[PDB]
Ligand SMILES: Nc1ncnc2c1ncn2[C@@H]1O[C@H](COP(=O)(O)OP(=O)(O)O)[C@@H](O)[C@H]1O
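The chain below stands alone and is given in structure tokens; this is the form solved without ligand ADP.
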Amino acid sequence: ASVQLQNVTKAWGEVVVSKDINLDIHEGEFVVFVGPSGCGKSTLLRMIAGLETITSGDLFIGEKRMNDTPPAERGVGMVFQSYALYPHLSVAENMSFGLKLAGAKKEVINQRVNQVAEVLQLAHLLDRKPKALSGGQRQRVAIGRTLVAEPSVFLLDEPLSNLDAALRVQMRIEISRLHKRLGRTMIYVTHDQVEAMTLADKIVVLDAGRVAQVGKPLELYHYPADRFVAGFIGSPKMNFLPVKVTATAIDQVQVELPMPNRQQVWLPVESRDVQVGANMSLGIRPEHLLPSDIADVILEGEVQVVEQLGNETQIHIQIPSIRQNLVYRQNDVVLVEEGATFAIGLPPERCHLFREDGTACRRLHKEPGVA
């Protein structure tokens, strides 16, 4: 059940949507696909399923080349956005169409559908038709159809776009329960990073059909591969400060802050392929910004927005000689009037240094939870 996309390339006519997507999903990994462009993730999932041809490269479901295998024999079950429920068939027929067509004994069909309905809380409605059901019940019917089919790999689209929040949460809970109950390989496609953060063993970030980074949720949060991933992960975008590198050591890089005092910080960074005097973009997460009293590096500025959310206060301060307003998050309700001057602290350890191309030098600082 180890899907092993290797050098997979897709070109819609002349437009190459996907180029050299090297994914290695081991057995029983809840790998999630999240990115800004929804076309790329859905196209990738459909090519994995078999509904779409692969322009070049080889695909490996389990341990067998499954590039040209018809979708029926790939051993994969897909949950569509519309759930693909047949209105004329009942719930039992909807979740046992596969067994009916291939040819299965009535007893086997009954046993499978009863087990799936019992574990999905679907037996009390196993006479009705899709029209006489609710949204959550339709979703459970689709998941039950996949469960009855018993696929090696579970594939799931993103129906949250056309769906509201209550059954979005119901979807999230049901998917979590299915994963913990089964433990089989399952791929999921979403556009919201919160869902990927909450439910994933290996997040795949797709950027215009390119593998931006593949890793654990905390791995992406703590050690982003590039500026795109760093900005994408985390609802408040990480503050980016253009810096000039002064001196590079073997384990750290010294950069000059753009703000007029030209302070220099010896932040811990891989310090590989770094030239003195080059242009680089420093990145510090809003949550990691220390109070001005605790940190040696102090960044003065003028407060613009003081959004108070009760649990936390997001302060948008406009640092002189910096275009961006450095957003700052503090727990509790800090009191600050708009237009006043507020100072924040810069922790050198939590500083992400980004090359001019976009790649990020590895942060030598150890972070708990990354394992």
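Quick note: we count residues from 1 along the sequence shown, nothing fancier.
Same protein, other form: the form deposited with ligand ADP bound, not shown, and the subject of what follows.
The site on this chain is blocked, since ligand ADP, superimposed from its pose in the deposited complex on the surrounding C-alphas, has 3 or more atoms within 2.4 angstroms of backbone or C-beta atoms. Think of it this way: in the deposited complex, ligand ADP has a heavy atom of just one of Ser42, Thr55, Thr313, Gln318 within 4.5 Å, and the residue is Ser42. Of the residues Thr69, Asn325, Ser37, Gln330, just one reaches ligand ADP in the deposited complex with a heavy atom at 4.5 Å or closer; this is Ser37. Picking from 42-50, 304-312, 24-32, 338-346 the stretch near ligand ADP in the deposited complex, with a 4.5 Å limit on heavy atoms, gives 42-50.
Ligand ADP is not drawn, but in the deposited complex it has no heavy atom within 4.5 Å of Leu353.
Contact annotation: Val17 falls within 4.5 Å of ligand ADP in the deposited complex, judged by heavy atom distances.
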